[PDB]
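J.: Task: produce atomic coordinates for the following.
(chains A, B, C, D, E and F)
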Amino acid sequence: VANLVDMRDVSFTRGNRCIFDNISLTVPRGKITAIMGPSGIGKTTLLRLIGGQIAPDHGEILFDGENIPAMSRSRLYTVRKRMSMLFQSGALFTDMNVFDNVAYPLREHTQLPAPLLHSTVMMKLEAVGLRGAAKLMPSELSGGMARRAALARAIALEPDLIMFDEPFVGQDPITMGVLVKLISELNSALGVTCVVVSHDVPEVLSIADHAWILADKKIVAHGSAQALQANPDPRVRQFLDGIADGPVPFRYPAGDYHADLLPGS
Amino acid sequence: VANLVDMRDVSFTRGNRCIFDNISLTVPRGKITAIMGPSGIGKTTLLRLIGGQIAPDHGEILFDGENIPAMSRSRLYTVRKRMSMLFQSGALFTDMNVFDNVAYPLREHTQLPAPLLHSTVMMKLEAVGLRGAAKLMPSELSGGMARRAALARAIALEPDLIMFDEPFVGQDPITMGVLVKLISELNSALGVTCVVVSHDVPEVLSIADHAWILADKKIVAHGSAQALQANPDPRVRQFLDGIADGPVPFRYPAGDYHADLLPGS
Amino acid sequence: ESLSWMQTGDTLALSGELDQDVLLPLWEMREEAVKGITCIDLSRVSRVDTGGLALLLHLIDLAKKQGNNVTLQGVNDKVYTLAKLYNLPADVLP
Amino acid sequence: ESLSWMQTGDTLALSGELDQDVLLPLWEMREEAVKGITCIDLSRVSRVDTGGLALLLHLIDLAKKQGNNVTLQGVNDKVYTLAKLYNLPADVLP
Amino acid sequence: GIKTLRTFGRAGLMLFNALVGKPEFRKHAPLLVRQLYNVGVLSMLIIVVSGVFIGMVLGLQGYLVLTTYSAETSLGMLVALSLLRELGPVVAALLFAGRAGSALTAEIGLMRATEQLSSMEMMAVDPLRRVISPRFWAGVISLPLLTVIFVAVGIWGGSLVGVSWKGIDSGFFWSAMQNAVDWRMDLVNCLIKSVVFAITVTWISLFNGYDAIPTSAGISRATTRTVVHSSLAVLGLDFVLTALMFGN
Amino acid sequence: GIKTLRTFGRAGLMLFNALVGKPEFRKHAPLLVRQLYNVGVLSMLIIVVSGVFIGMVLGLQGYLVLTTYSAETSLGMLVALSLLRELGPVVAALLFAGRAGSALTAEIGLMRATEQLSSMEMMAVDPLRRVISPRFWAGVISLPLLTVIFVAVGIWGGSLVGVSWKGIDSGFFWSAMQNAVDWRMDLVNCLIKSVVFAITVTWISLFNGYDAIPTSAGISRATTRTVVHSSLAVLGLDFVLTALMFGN
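T.: Residues are numbered from 1 along each chain as shown, chains lettered A, B, ... in the order given. Structure data below:
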């Protein structure tokens, strides 16, 4: 199969505010794709969707063949062994320190011997970079090292599809670059196919091999970073550089601006 | 006086982790300066410092002449009438809706007539842009409109020194641009002299007229955005583009990496 | 710190700081202030602040309230500066 | 899904998947596995995963434990790929 | 060290600047109204309904006590006087420490974390005199009122027990003996306890929200610190109070 | 509508998948130990100290009751039997609902907001069977134990009142009459109530932390919803329980 996951035509409603509509996406294996759009448009919802943790209203999301929804809710766990979200804010377990906070999926799945697992975790930590931070608690690390250790623990099981929920968000350019180098070197080293859903364009497009762009209720553009950078499309041209005013309104809708100053004009 | 606020030589200790050390800064009137550094290095502390809400250990911070510390703790309020922090996360009052959430400093200070104050607030809202969002509650707006309405209420009293605590942080480039245009058009329209403490360089340097850059315990560089962009300095060259590895370590300190894998090597 | 205004027949000559503070003593009798006013010249107005703009806007509303095309003479650069900033439409400021 | 290893005198010929799962049946008798081993050739090793790297590292430690310069023959591109990725020093992998 | 003297000095300080100052009245009265509504009026059901059951229990449970001594007339004298001397100002103090003794620190601690407080402090309006004080005076004038509502509804529930469930005493229950129960000194002694408990609860219910390390795991642990101290000190001061109020 | 049936259906569902499943034991025992320590062992002082005062009060206050009827020997029979039938399983239920009935939803709600729960759910390990259940079984086996500790220390405090403060009864207090008080059926009836209160508290103390709108103002309002329901339903089920346990 050419792609790793095909979201054929998903419309997700989320009650009364229909989030997605007949959206179409195709993450290919080996390619570190990305999807970007307005902030809080619900793309994290799209991620948590590809994880089965929420079901689509009417659509076929096919991870590596079979459908995510058509799963045994334990067969779902079997296949989800081949995924790992990298949520922002770390999502480290506050109780166990990083070392154990990394080992968790191992001890959960592998039958690994104790001194073997210790070294594998002490190795993934150096991989991501915060090896010396094994003993430290998650409530003690920074906001960047938190995401980094979360990444390290996320690569365990070599998930072959590790999606990033806006990792470089609220991050200085040094940590931003550490992140954009880590998740690049990974795909360029492992066979991992990261799906970075984010909205920091000058950072994402640096490594994104095939990006998608979604307006409020659908995807509007995709392609390569270069073939996207040169897109002549208002909704797209706006987001791609923040012209701050276009088809997305800069001014919130209001009435006439005149009596607003002159009640009983 | 040439500058608006002179932080001559501040060393702030914050107990056992000395945040600042003999730092030197000079915000000039009319110039929308900025200060940038590592995330969580405590620059927001520097802001809350220029607001008197915390005192320096050993230093002379002079807002427009007199010292911030040498103040009557009510004379401090008199002068603080000439300031307004624009904190991230909005800091709108959760109770009163935006309209009232904007009017608050007015009703607190001016003797403004009710229909006069109504129009002045309905005018500042259009200024920032979210005029139609007068009736809406702060817990209802987005994370961007929150900062925007907070800005609108912050410009009331025309504070002549309105410092921004990392406003475009965790913000898509469209809202990022709306923000970077608002706080630019303001200084280019009012006599406001914003002090943007932030760490989103490709955004801040777009409008920053005189930036400062601080390493962990002091400021290392300043100047103009262009004269800073071309700085050959490791600690600076690192942050300015996120080379992800330099005088700031990418790898956390650890021991020998060898027995770490081989307990009892 | 000061504000002084005179109806000079057709011209409403106000002069001063025009901020939220010095504004009240004018805001009340706005009616007789715009009694038979044809235009307002904000000539000897040292500076101007947002509240001043608001009150001036109300004054224009009154100038049109009895029904009369008002104009603003001697206006300042800073006033129209804010007028762009506050995005005030040119049907209420002129 | 499979793993099979033979001490061929000087060469430790293991073959298979070398992941966290198929790894245990080798990890125990590692001592006799590296009894008189001079080098290990990971030739018929289809793929390799992190746990496999860890165990191999321990095996190298043992190869040096009695005291012997070991080498790795038939190694894979992916192995040294990870070895760069995991930043493993070339004194423990060779 | 910290809690030894620094924490308590800070807790006293943050109050000594929270009430005494400019006597501004017509500014806080609108705020005081809404703090009363949130803290006191909204929490009504937390002590109305919960007043019923703790009454009816003391009824039904107390019923099967003096019924063993066959003195069923003294019911109100044993029911009311009980929940009017001890159970009122303590059970409606713990229910309070829940609905408004916690929600406050989880409302004003939230401010210090979402930085509404520092932003207020940035305008010349002081955050203490303008946010702590309206809440403080909503508390120390709602809690004793809450206790009265609580005791009234508890007596009504005890009635429904000793009257409706058991048609045993109609006026012989209350209209006969509670005359010898409803005296002034009793309500005085109950209201003193209620006032002291308001003071204590809505003091530490508001020192945490001001001393909370501002993070989503700071305000949540601080809410716990409030519902801990606002029962530890509640019961402690109840013991000391009833000692000095009846051990004469 | 929502709370009408959807919220309660969801609250039942989130439990019906929280215990029954794979019988995995040697995996949760280490987690169960630490949940017991946090919820039960750490909260010891919340019911040790608070057990003292509510005892001593019932002592000193109860003292000046039968002293009016000059039956000072029945003190334990009126003290212990009281805090062993009603005051134990309710006061140490509210102190619990504070220290661990709140801190839990403000600990597991925090997870759902910091996304530890969804990340767990992302590994094949289910979050319910692995995070809800160790806490649930820490609660429903600590609370009844907490109540026993509470009643014991309360009796000790009542002693210090009726013995140390008033050297009136040494064995005539307890060693004489509490023989007619310490019978089995009483502890049975108290432990049934304690178990039902554990069930209820640490159920809604854990349905909010799972049904909490994940934001720093969601978990704080949810902690309040816990300390509200975990006293409303606590007292309600206490009333119904004591009704069906003594109205025979």
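
J.: how near is residue A:263 to residue F:231?
T.: 47 Å (CB to CB, to the nearest Å). Bear in mind the C-beta positions are built from the backbone N, C-alpha and C, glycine included.

J.: more crowded one of those two?
T.: For residue A:263 versus residue F:231, neighbours defined as other CB atoms under 10 Å in any protein chain shown are more numerous around residue F:231 (29 against 11).

J.: In contact with the more buried one, which residues are there?
T.: By CB atoms under 8 Å, 6 or more residues apart in numbering or on different chains, the residues touching residue F:231 are E:46, E:50, E:94, E:95, E:98, F:94, F:97.

J.: Which helix or strand contains the last one?
T.: In this assignment (DSSP states H and E), residue F:97 forms part of helix F:88-99.

J.: how far off helix E:105-114 does the very next helix or strand once past that helix point, in degrees?
T.: Reading on from helix F:88-99 to the C-terminus, the next helix or strand found by DSSP H and E is helix F:105-114. Here helix F:105-114 points in a direction 40 degrees away from that of helix E:105-114 (axes from the mean of the first three to the mean of the last three CA atoms, to 10 degrees).

J.: If you count contacts, what does helix F:105-114 end up packed against?
T.: Counting contacts by 3 or more CB pairs under 8 Å, 6 or more residues apart in numbering or on different chains; DSSP states H and E, helix F:105-114 is packed against helix E:219-246, helix F:116-122, helix F:184-211, helix F:219-246.

J.: Drop anything exposed from the contacts of residue F:231.
T.: For the contacts of residue F:231, a burial check counting by 16 or more other CB atoms under 10 Å in any protein chain shown picks out E:46, E:50, E:94, E:95, E:98, F:94, F:97.

J.: Provide the secondary structure category for the residue in chain A that chain F sits nearest to.
T.: Nearest residue of chain A to chain F: residue A:77, at 3.7 Å (CB to the nearest CB). Put simply, residue A:77 is helix when judged by DSSP: H, G, I helix; E, B strand; the rest coil.

J.: Now the residue most central in space within chain E: closest residue in space, sequence neighbours ignored.
T.: Centroid check for chain E by CA atoms, centre = their mean gives residue E:93 as the closest residue, at 3.5 Å. With CB to CB, 6 or more residues apart in numbering or on different chains as the criterion, residue E:93 has its nearest non-adjacent residue at 4.6 Å, and that residue is residue E:197.

J.: Reduced to three states, what does residue C:91 come out as?
T.: Per three-state DSSP, residue C:91 ends up coil.

J.: how much space between it and chain F?
T.: Here residue C:91 is placed at a distance of 42 Å from chain F (CB to the nearest CB, to the nearest Å).

J.: Tell me how many other residues crowd residue 20.
T.: Going with chain A. Around residue A:20 there are 26 residues (other CB under 10 Å).

J.: that's the wrong chain, I wanted chain E
T.: Around residue E:20 sit 10 other residues, with neighbours defined as other CB under 10 Å.

J.: now do residue E:211
T.: Residue E:211, neighbours per other CB under 10 Å, totals 18.

J.: now swap in residue E:163 and tell me
T.: Residues within reach of residue E:163, counting by other CB under 10 Å, total 17.

J.: For my notes, confirm it occurs in a helix.
T.: Yes. According to three-state DSSP, residue E:163 belongs to a helix.

J.: residues contacting the most far-flung residue of chain E relative to its centre?
T.: In chain E, counting by CA atoms, centre = their mean, residue E:70 sits farthest out from the average C-alpha position, at 35.0 Å. Applying CB under 8 Å, 6+ apart to residue E:70 gives no contacts.

J.: can you redo the contacts of residue F:231 as TSV with distance to residue B:101?
T.: Output for those, formatted as TSV (distance: CB to CB, whole Å):
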residue	distance to residue B:101
E:46	29
E:50	35
E:94	35
E:95	32
E:98	29
F:94	37
F:97	35
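
J.: what are the ranges of the strands in chain C?
T.: Secondary structure of chain C by DSSP state E: the strands cover C:3-7, C:11-16, C:39-41, C:72-73.

J.: Tell me which of those strands approaches chain D most closely.
T.: Comparing the strands of chain C by their distance to chain D (CB to the nearest CB), the top pick is strand C:72-73, with 70.2 Å.

J.: Pairing partners for that closest one, with directions?
T.: strand C:39-41 (parallel) (DSSP bridges).

J.: rewinding a little: let's have the strands of chain C in TSV, adding mean neighbour count and distance to residue A:82.
T.: Formatted as TSV, these follow (neighbours: other CB atoms under 10 Å in any protein chain shown; distance: least, CB to CB, whole Å):
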stretch	mean neighbour count	distance to residue A:82
strand C:3-7	15	74
strand C:11-16	20	74
strand C:39-41	20	74
strand C:72-73	16	71
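
J.: As CSV, those with distance to residue A:177 would be great.
T.: Output for the strands of chain C, formatted as CSV (distance: least, CB to CB, whole Å):
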stretch, distance to residue A:177
strand C:3-7, 56
strand C:11-16, 55
strand C:39-41, 58
strand C:72-73, 53
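
J.: Now residue A:118: which helix or strand?
T.: Here residue A:118 sits within helix A:114-128, counting by DSSP H and E.

J.: So for that helix, what gets flagged as buried?
T.: Residues of helix A:114-128 classed as buried: A:116-128 (neighbour count, 16+ other CB under 10 Å).

J.: Is any residue of it near chain B?
T.: Yes. Contact between helix A:114-128 and chain B, assessed by CB under 8 Å from any CB of the partner chain, occurs at A:115, A:118, A:119, A:122, A:123, A:126.

J.: tell me which element residue A:101 is part of?
T.: Judged by DSSP H and E, residue A:101 forms part of helix A:98-109.

J.: Hmm, I typed the wrong one, I wanted residue A:212.
T.: strand A:211-215.

J.: Check chain A for its longest strand and report it.
T.: With secondary structure taken from DSSP E, chain A has its longest strand at strand A:3-10.

J.: Relative to the whole chain's centre, how far out is it?
T.: Relative to the centre of its chain, strand A:3-10 is centred 16 Å away, using CA atoms, centre = their mean, to the nearest Å.
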